[PDB]
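Here is the structure we will look at, set down as structure tokens.
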Ligand SMILES: Cc1c(C=O)c(-c2nnc3c4c(C[n+]5cc6c(C)n(C)c(C)c6c(Cl)n5)n(C)c(C)c4cnn23)c(C)n1C
């Protein structure tokens, strides 16, 4: 089996991407944030505290003939931005792009934090990290990918995120028409439950490539690229007037600037992020200060190759017995 679904930016900045997912019988279609940095499939639901729902589409398990309460199971998660959600669990049929899993754990939110309520466009998350991070208690549950894997033609999924445009998540096959050149594969550590790998270095604009090992995670759920402070300082030093603002929460730059590209290494290969991809627009409406797309990971504890980096590539999440990651230009 295979599946293929289009993923669409939620706004003009690519702050996140949503992918339609069919849950239950008859299908209830919810738009979920596919997140390779977490491992819970959770949804706004008929059980979500009413004051915490504001425009999202909800899953109603009582209207699904295939929904079953997973008795006694609860979940609770916090994310890297400080947001959180929690609730109980059903099993139901879940389909993505024509690929169907029966008995998938669908985590129904009873509570969500304010950032979720305030974003009408995201109806939940679909985690694609390793199932060891799944928060369901007392019986940990498997991700959609983990459940589908043995049925897939090949035990892989791919992320092809667009810059200010839709893109694609594929399951079970590698679309050889979706990238240029060859895919470079690189080793993954699953020790922390993430798609964790080591970049071989970086360049700023047309500058020389600096060979240096940068350990980080491929995280489709994260908007920005978070790298060591040394690397990030070297990037922003090439932008006149750029500075790190503690009041804003990171590097900002004059909206009149032309941003340089940023290159990261994958083995002996190179992925080039165009400067435009690093522009996240005015810090507040009408401001001439713009928020940067490359930020320091200091204080996070891990480097994060988020959407800014991943959207510059065709990315293979290879879930074979020894997982690996592949990157191609496109
Ligand atoms: C350590 C870490 C992160 C790790 O991942 C992280 C981050 N970065 N984007 C996202 C997240 C997103 C994606 N996302 C980002 C958004 C931004 C920048 N804006 C303005 C809006 C309206 C957004 C929405 Cl709705 N969605 N979502 C949905 C969740 C649950 C996230 C959690 N963390 N997150 C931050 C800010 N930090 C410090």
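Residue numbers (mature numbering (1 follows the signal peptide of the UniProt record, and there is no 0)): 70 to 399. By construction, the Cβ of each residue, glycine as well, lies at the ideal position given by its N, Cα and C atoms.
- Counting only residues of its own chain and dropping the five nearest sequence neighbours on each side, residue 259 has a CB closer than 8 Å to the CB of 199, 201, 265 and 392.
- Per DSSP, residue 387 is one residue of the beta strand (DSSP E) stretching across 383–387.
- According to DSSP, residue pairing for residue 380 in a beta bridge does not occur.
- In this structure the segment 233–242 does not lie against the segment 185–193, because fewer than three pairs of beta carbons, one per stretch, are closer than 8 Å.
- Here residue 207 is exposed: its Cβ has fewer than 16 other Cβ atoms, across all protein chains shown, within 10 Å.
- Around residue 287, the same chain offers 105, 264, 266, 374, 379, 384 and 394 as residues with beta carbons nearer than 7 Å, after the five sequence neighbours per side are excluded.
- Rounded to whole angstroms, the Cβ separation of residue 360 and residue 321 is 6 Å, and the two are in contact under 8 Å.
- Within 6 Å of the C-beta of residue 149 there is at least one heavy atom belonging to ligand 1.
- Proximity to residue 399 across 191, 330, 381 and 281 peaks at 381, based on C-alpha coordinates.
- Residue 110 and residue 342 have their C-alpha atoms roughly 30 Å apart.
- In this structure, the straight-line span from the alpha carbon of residue 245 to that of residue 155 is close to 39 Å.
- Using a C-beta cut-off of 8 Å, the segment 126–142 makes contact with the segment 158–172, since at least three inter-stretch Cβ pairs fall below that distance.
- Shown here, residue 344 sits in a helix according to DSSP, grouped into three states.
- Only residues of its own chain outside the window of five on either side were considered, and among them 303, 304, 307, 329 and 331 have a CB closer than 7 Å to the CB of residue 273, listed in chain order.
- The C-beta distance from residue 209 to residue 203 rounds to 5 Å, short enough to meet the 8 Å contact threshold.
- Residue 284 sits in a strand when the DSSP states are folded into three classes.
- Here residue 157 is actually not in contact with residue 171; their C-beta atoms are around 20 Å apart, not less than 8 Å.
- At least one heavy atom of ligand 1 falls within 6 Å of the beta-carbon of residue 152.
- The bridge partners DSSP lists for residue 100 are 89.
- Check the Cα spacing between residue 179 and each of 121, 333 and 167: the tightest is with 121.
- Ligand 1 has no heavy atom closer than 6 Å to the beta-carbon of residue 367.
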